[PDB]
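Right, one structure below, let's go through it.
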Amino acid sequence: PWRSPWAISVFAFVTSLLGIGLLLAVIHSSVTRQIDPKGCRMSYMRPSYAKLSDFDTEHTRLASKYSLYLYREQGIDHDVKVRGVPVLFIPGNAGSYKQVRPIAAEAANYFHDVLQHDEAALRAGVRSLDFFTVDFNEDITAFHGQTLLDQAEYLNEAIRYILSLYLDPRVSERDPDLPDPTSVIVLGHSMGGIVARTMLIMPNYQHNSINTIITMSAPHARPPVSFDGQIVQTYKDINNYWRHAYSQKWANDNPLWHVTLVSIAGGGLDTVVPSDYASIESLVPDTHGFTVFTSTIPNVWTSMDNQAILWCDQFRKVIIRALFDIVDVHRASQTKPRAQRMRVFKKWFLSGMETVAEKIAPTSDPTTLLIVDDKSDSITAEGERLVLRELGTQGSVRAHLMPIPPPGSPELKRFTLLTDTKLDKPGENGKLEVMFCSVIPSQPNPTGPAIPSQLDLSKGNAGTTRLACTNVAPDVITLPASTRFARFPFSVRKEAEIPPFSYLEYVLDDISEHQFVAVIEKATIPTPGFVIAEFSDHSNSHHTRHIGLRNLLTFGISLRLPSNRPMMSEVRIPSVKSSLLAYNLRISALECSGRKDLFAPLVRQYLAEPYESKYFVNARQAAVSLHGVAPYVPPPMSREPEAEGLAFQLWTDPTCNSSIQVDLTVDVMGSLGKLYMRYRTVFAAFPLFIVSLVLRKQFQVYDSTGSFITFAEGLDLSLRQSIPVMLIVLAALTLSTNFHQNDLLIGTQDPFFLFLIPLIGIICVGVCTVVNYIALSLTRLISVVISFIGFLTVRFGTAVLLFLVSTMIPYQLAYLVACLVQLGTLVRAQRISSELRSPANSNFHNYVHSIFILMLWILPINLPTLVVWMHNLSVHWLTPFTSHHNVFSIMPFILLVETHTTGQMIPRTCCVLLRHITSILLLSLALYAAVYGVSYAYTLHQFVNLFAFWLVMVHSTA
Amino acid sequence: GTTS
Ligand SMILES: *NCCOP(=O)(O)OC[C@H]1O[C@H](O[C@@H]2[C@@H](OC[C@H]3O[C@H](O[C@H]4[C@H](O)[C@@H](N)[C@@H](O[C@@H]5[C@@H](O)[C@H](O)[C@@H](O)[C@@H](O)[C@H]5OP(=O)(O)OC[C@@H](COCCCCCCCCCCCCCCCCCC)OC(=O)CCCCCCCCCCCCCCCCC)O[C@@H]4CO)[C@@H](OP(=O)(O)OCCN)[C@@H](O)[C@@H]3O)O[C@H](CO)[C@@H](O)[C@@H]2O)[C@@H](O[C@H]2O[C@H](CO)[C@@H](O)[C@H](O)[C@@H]2O)[C@@H](O)[C@@H]1O
Ligand SMILES: CC(C)CCC[C@@H](C)[C@H]1CC[C@H]2[C@@H]3CC=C4C[C@@H](O)CC[C@]4(C)[C@H]3CC[C@]12C
Ligand SMILES: CCCCCCCCCCCCCCCC(=O)O
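Chains as they are written, first to last, in PDB author numbering: chain A, 138 to 873, 895 to 955, 983 to 1094, 1102 to 1150; chain B, 1 to 4.
Below is the structure:
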């Protein structure tokens, strides 16, 4: 019986309805659930660009296509001359050279306002930053690999030209005793950072010409999409280059020994590049770089888009300060040595509470000699926390000396100080100064003059105890201010910004060589401000909840930290590692009894790797979403069991004497929406798994009964046996020193995430049904247009295609034209089948429609190369094409489409061997699309080309 | 500024 192409089974319609339903739920809850606060302040400037037009085709062939600019900021740069450290900004996928605007303008203003007067800073080798930016014509870099290589080659030549600029007296005004620059600092955005890494492997790279790469939201670990084979190969090249170079034991054999790479990720608000791909932990050792999120950068504390990471005001200031702390024009490479650069980057980008954080004060030179009476009024008893409700009660400079406990106790102990008042730098009279004091011997022990050491007379008694004291300002941790009028760690309005808190955290072994911690209260009149300092035991402050993921997802975890709690408490859940699961954190009300608390509770949700910390000021209700173990990225490196999973750091007022409750439960819809960044690229490949299994069932029934069933009927027959079985095979495949372990299927071998295979399968069933109905609608619509033209008329009245591809037409244009000719054949087939309604006309229509669906699901992979080619034609760039690859990638489709235009139906199918070859080919295509589809989506075109050649063979046999 |  004639079965309509539009008819669908109830079983296949319900399954497709769930697939579309689960797609909407994932998409909807990825834009509404667990969304981070937006806290970027817009930045304004006066932009200007000087085109370096002497950098032309004599220097590089690509200079007819690309351009180089020097940023000049109005009010600062009054001429196009280079007077400082050269910095190169690389824009990303379809980015603009005019995106350096914010960061280049802040660098121009900061040197004008502050540094150019700081005479010590210039004497230390600090000059202005010359920001060069490159115009790539908004190239689609993430979708074409030859574009990436061209950009890297152009930029190596551009660095040669930039460094040549500093030799010309007519263009460079610099001190005559300075060395000539031999390096450029590279700041790359998105694909821009990837080009920077590629720049170091290209043949025309000049050695030692890049030593500092800072990338903003760059996918270092993995290509964003794998539609081009050259992108995948270049990622393999650069990732292998970093891994091999840093795996060398002798630094002379390490080409990247002097290179530091810092990767900054926008976070959860970045929906263009997954922040999971920014992790360089599998590429760069901690001595040479790190991955940091903008939510952990002090005085930024916000997540950002892919675009806002450049113009955000807070982050702009932070990055310019970090860049100005590394430059050194006294060295030919215009930066400090590698270790000093790493220390500065850690200071400016990291929270300071990491394990890699370095403490300066404990072993630093003493900066102040303090005189205190022997009456021990200042010296307090051990085990008492120092609480200063107000500053300046007495009206004179005071010293509070806290004795450091002896290290005899086996338990680990920490000294923690929290204040909302800015701590004085050495040699500065402010409101408050904290310093580590060591007792000076009564006997005149031989020592230096202590000329930097200043005096502070506070005794006025015979004792006059002498103390040599080191200011702890170098090691101050800046914490967002958690007052009870604060909602976010940031403030979009600069006027409403609360001055942040100051935090000190020391292990007792670090400061055991000292005798006291001196909190010098310099205020005289009573001024607002609190200081809490105490020593705490690791047992009392740190809690670990060893609860499995199943129990955590079922019941959640609840803690009741006690009232005796130290000011700072940590709660670690080692089983919270996945980036795909989102939680909800609740902190109980601090019932401060009889008094208001000194500050509101502050929570730091953080991960050991990558450096991804999030702050919740006035914490009561926090959305806990983390960037942990992501699906397709290389596996995390070995770590201590004390740094695994998720930890919460809690600061509360300890004087309230009220216990606090911490609850953590799972957010099901937020967890569901976490899947969109991670699995959006599955849908260029994995729906071919469903289509190939449907075409397998259509050909099976045809070869056995002679009837080519509709795509919907084939889908209904496949959902009963074939598709469920092959999803079980995918699950079994997942369960069965390599950095490409997580590149196939779901990318997660973890058996917990096996439900993702049925989830993706059902969503792709729904998507295939919808695309089928779209193709049917398009066929009917074109047929209606043709019939309408016919009625308007009535009432009112070859073998050359091979030559085209070999010369100038890329096979993607030919493929699009083949798809259009196939649509025309489909329209004729449908019209004929409606006119005649023969069983032979239904077979041809169904067969042509299925082949059209197969072609249409490969078209997405080929379209990105078409736009690149059209763009290059617009710019007048011509790219030669290898005739062997173009011809062999398009002839099977050309021949199939021609055969269909002749109207010939596929011959029905030693004969059983030809019958089984079609089944085997379609099964292999389904399995290959499922397994290698995400990472090698460019090979699907070739595989489907092979299947089309097989169909042409079967057509030829009869 | 003059531009954002
Ligand atoms: N003052 C200082 C500052 O400044 P400004 O900026 O002004 O300010 C700010 C702002 O902002 C905004 O606005 C903005 C502005 O602008 C201006 C600018 O402009 C430009 O620039 C630009 C450029 O041009 C562009 N291009 C962009 O770029 C970028 C770059 O930059 C980077 O780097 C990169 O990275 C990227 O990002 C880029 O972008 P794009 O390009 O767009 O990209 C993105 C995308 C891409 O891709 C797409 C596509 C892909 C794929 C596709 C392909 C293929 C496939 C398919 C095919 C087809 C098929 C069919 C057939 C077959 C059938 C079937 C079978 O990407 C994305 O999106 C990603 C994703 C995608 C999608 C996905 C899909 C998938 C699906 C699936 C799903 C499923 C799921 C599953 C699950 C489950 C599992 C289980 O951007 C930039 C910007 O910046 C320039 O200018 P010039 O030069 O002039 O240029 C011109 C031209 N246009 C510069 O200069 C400037 O600046 O404004 C405008 C207006 O006017 C606008 O538009 C913009 O936007 C606003 O605001 C905002 O902001 C921010 C954002 O932005 C935030 O934050 C805030 O809040 C707001 O909202 C305003 O207002 C402001 O003012
Ligand atoms: C994945 C799910 C949501 C499918 C959504 C696609 C839409 C366009 C589909 C779903 C069911 C379809 C209908 C099912 C069957 C018929 C009978 C046929 O004689 C005419 C078309 C008609 C009336 C279809 C029109 C298009 C339709 C409404
Ligand atoms: C058929 C399409 C579905 C599968 C592909 C999913 C597309 C995801 C988009 C990722 C590419 C984003 C382009 C910018 C990349 C960058 O700036 O680095």
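Just so it is clear, CB atoms sit at the ideal spot from N, CA and C, and this is done for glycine as well.
Whose Cβ in chain B lies nearer than 9 Å to the Cβ of residue 182 of chain A?
-> 1, 2, 3, 4
Is the beta carbon of residue 872 of chain A less than 8 Å from the beta carbon of residue 909 of chain A?
-> yes
Measuring from the CB of residue 359 of chain A, is there a heavy atom of ligand 1 at a distance below 7 Å?
-> no
Would you mind telling me which residues of chain B sit closer than 9 Å to residue 1100 of chain A, beta carbon to beta carbon, in chain order?
-> This model leaves out residue 1100 of chain A; its place in chain A lies between 1094 and 1102, and no residues are given there.
The beta strand (DSSP E) enclosing residue 644 of chain A, as first and last residue numbers | 638-644
Would you mind reading off the limits of the beta strand (DSSP E) that contains residue 527 of chain A?
-> 523-528
Could you tell me whether any non-hydrogen atom of ligand 3 is closer than 7 Å to the CB of residue 817 of chain A?
-> yes
Find out if the Cβ-Cβ distance for the pair residue 261 of chain A, residue 457 of chain A is shorter than 8 Å.
-> no
For residue 188 of chain A, three-class secondary structure by DSSP = strand
C-beta contact flag for residue 348 of chain A and residue 265 of chain A at 8 Å | no
Where does residue 879 of chain A fall in DSSP's three states?
-> Within the gap of chain A, which runs from 873 to 895, lies residue 879 of chain A, and it has no coordinates in the structure.
Name the two residues that bound the continuous alpha helix (DSSP H) containing residue 283 of chain A.
-> 282-302
Within chain B, the residues that residue 336 of chain A reaches when beta carbons sit closer than 9 Å = Here the premise fails: no neighbours, minimum Cβ distance about 30 Å.
Proximal chain B residues relative to residue 179 of chain A, where beta-carbon distance stays under 8 Å | 4
Residues in its own chain within less than 6 Å of residue 466 of chain A by CB, not counting five upstream and five downstream?
-> 262, 264, 315
Closest to residue 1040 of chain A by CA distance: which of A/233, A/169, A/1006 is it?
-> A/1006
Leaving out five residues before and five after residue 282 of chain A in sequence, what residues of the same chain have Cβ atoms less than 8 Å from its Cβ?
-> 365, 366, 367, 368, 369, 370, 371
Can you tell me which of A/571, A/710, A/773 puts its alpha carbon nearest to the alpha carbon of residue 642 of chain A?
-> A/571
Rounded to a whole number of angstroms, what is the C-alpha to C-alpha distance between residue 549 of chain A and residue 676 of chain A?
-> 8 Å
Nearest to residue 770 of chain A (by Cα), restricted to the options A/141, A/240, A/488, A/415 | A/415
Proximal residues to residue 427 of chain A (C-beta, below 7 Å), its chain only, five neighbours per side dropped = 399, 748
Apply the 10 Å Cβ neighbour rule to residue 143 of chain A and answer buried if 16 or more other Cβ atoms are within range, or exposed otherwise.
-> exposed
Please report the Cβ distance between residue 362 of chain A and residue 401 of chain A, rounded to the nearest whole angstrom; I am assuming they are in contact, meaning their Cβ atoms lie under 8 Å.
-> No, residue 362 of chain A and residue 401 of chain A are not in contact; Cβ-Cβ is about 22 Å, not under 8 Å.
Decide if residue 181 of chain A is buried, meaning its Cβ has at least 16 other Cβ atoms within 10 Å, or exposed.
-> exposed
Bridge partners - residue 653 of chain A, DSSP secondary structure assignment = A/540, A/574
Cβ-heavy atom distance, residue 179 of chain A to ligand 1, below 7 Å = yes
With ligand 2 as the reference, list in chain order each residue whose Cβ lies under 7 Å from any of its heavy atoms.
-> A/141, A/143, A/144, A/145, A/150, A/153, A/154, A/156, A/157, A/924, A/927, A/928, A/931
Tell me the DSSP bridge mates of residue 224 of chain A?
-> A/268, A/322
Decide yes or no for the touch test of the stretch 324-331 of chain A against the stretch 217-234 of chain A: beta carbon pairs closer than 8 Å, at least 3 of them.
-> yes
In angstroms, rounded to a whole number, what distance separates the CA positions of residue 345 of chain A and residue 395 of chain A?
-> 8 Å
Whole-angstrom Cβ separation of residue 786 of chain A and residue 728 of chain A, contact assumed at under 8 Å?
-> Between residue 728 of chain A and residue 786 of chain A the Cβ distance is about 22 Å, and since that is not below 8 Å, they are no contact.
Alpha carbon to alpha carbon, what distance is there between residue 385 of chain A and residue 421 of chain A?
-> 12 Å
Kindly list the residues whose CB is nearer than 7 Å to the CB of residue 831 of chain A, restricted to its own chain and excluding five residues on each side of it in sequence; keep chain order.
-> 848, 851, 852, 855
Whole-number beta carbon distance between residue 237 of chain A and residue 270 of chain A, since they are thought to touch under 8 Å = 4 Å
Taking the C-alpha atoms as reference points, what is the distance between residue 773 of chain A and residue 419 of chain A?
-> 7 Å
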